[PDB]
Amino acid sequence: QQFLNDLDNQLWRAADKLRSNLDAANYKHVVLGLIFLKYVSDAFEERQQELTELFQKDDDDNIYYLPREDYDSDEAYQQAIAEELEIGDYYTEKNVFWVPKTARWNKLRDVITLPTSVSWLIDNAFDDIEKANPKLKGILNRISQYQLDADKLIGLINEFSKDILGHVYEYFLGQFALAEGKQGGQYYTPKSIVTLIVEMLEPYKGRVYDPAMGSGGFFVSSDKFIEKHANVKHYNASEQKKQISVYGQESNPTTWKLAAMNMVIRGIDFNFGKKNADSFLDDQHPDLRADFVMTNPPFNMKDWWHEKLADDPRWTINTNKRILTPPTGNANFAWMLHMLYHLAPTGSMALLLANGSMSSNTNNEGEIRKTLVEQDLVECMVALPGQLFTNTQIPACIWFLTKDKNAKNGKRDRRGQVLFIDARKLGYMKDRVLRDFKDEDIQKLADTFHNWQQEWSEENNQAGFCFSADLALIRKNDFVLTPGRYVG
């Protein structure tokens, strides 16, 4: 297809040759913040452009039109145009943010002058951009802190000189994830897994929630999912995205800004709460009951429990009240439970976790894994290749849960039932050891699991790959939910 992979690489290498002393953790903020700054301009300078034509278009069905005949000179017509531009409504109406004189990219490349730092300029631009668009307050990672050499910054600005930057932002974000040696869904979830979960979830309409979002990869994924299914579905993708509202939370201060920066580039409306904050200690969405819940939280989280959490409603399952002792030495099930509590009665949730999840008895996980099942909340379990490109140092699996296993909207009454799949062999060798999925692998798994929702009997089982269990057989397998048990 395209240059994007090549273009990632061409900008990436040029951005590497300029990385000097900076720890990835700090450099990324210079690069990504810079990318953001090019986006906001382009979109704006493009919207100024497209308005420069609509004012001048002589057509009655056009409402933007400034009649030249109403004026007495060219220059006097230009002045009216220029003032009409200064009407903020035209930028908010298509989701363009006001970029002041100062912040504008095209202006900054040329401002070489002399000392009269260039780092001052960017930072000041961000500043200038923020006061102009309250919706964007706090979000811009300032880059004075990270004390890079001006000529590297200059050279950086030269190297970046509309549809694309989204891809060209999430690559860097991914690649700065790798090169920082910072692992976990709070830092980065690769496209594969995030496209799988989303594809299995099918977030068409409703409130979408991630309670530990990281850079918000799932929300990008969610948004794209709508786009690529538009045709076959025969809706208008632009209008379909209005049927989803985005809720999220993330406790890491800079990651929260990385996420908000990402949603803007993707032109996605977002609620990420008042501020970055712990989900357990300060749930930002205390009354959200979301339709889709999707997350890749930090695995085996220690240090998360506090006395003030005992007798949190989140530890009490409510299915047609069960009170669970929460796993104080590992947040894995706490997350799930938090997600569940925030799950509509018609909802579907999916999360990535460590395989231990499926068979460990530590941390009150046997009891919890028993109750979740006994109550028919678990809908599907996937095992993922240990080798899989997962950004996790500990190998992973997906849990899928519903509150509503009833026969509805295409799907059949599958109460008591659980679809196990083993994806251990699927995918291709990313490097010497890693594995990744192409959308064909994804597709299989998407398509398999939906069908089990739509029609399934012992014939559809597929030795080594999938199997359908009910409450009974899992009670014999002692609530161990590892797909390996159930087929081969």
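One-based numbering along the sequence shown.
Counting the deposited residues that fall between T362 and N363 and carry no coordinates gives zero.
In this entry, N320 is separated from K321 by 1 to 3 residues of the deposited sequence that have no coordinates.
Between 175-183 and 274-282, it is 175-183 that carries the larger average Cα temperature factor according to the deposited entry. The question of which stretch, 244-252 or 122-130, has the higher mean Cα B factor is settled in favour of 122-130.
Highest CA B-factor among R314, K308, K224, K152, as stated in the entry: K152. By the numbers in the PDB entry, the CA B factor is greatest at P115 among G214, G356, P327, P115. When the modelled residues of the chain are ordered by C-alpha B-factor, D210 sits in the lowest third. Sort the modelled residues of the chain by CA B factor and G33 lands in the lowest third. In this PDB entry, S348 carries a Cα temperature factor that places it within the lowest third of its chain's modelled residues.
In the PDB entry, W105 places in the highest third of its chain by CA B-factor. Looking at the C-alpha B-factors along this chain, the one for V111 belongs to the highest third.
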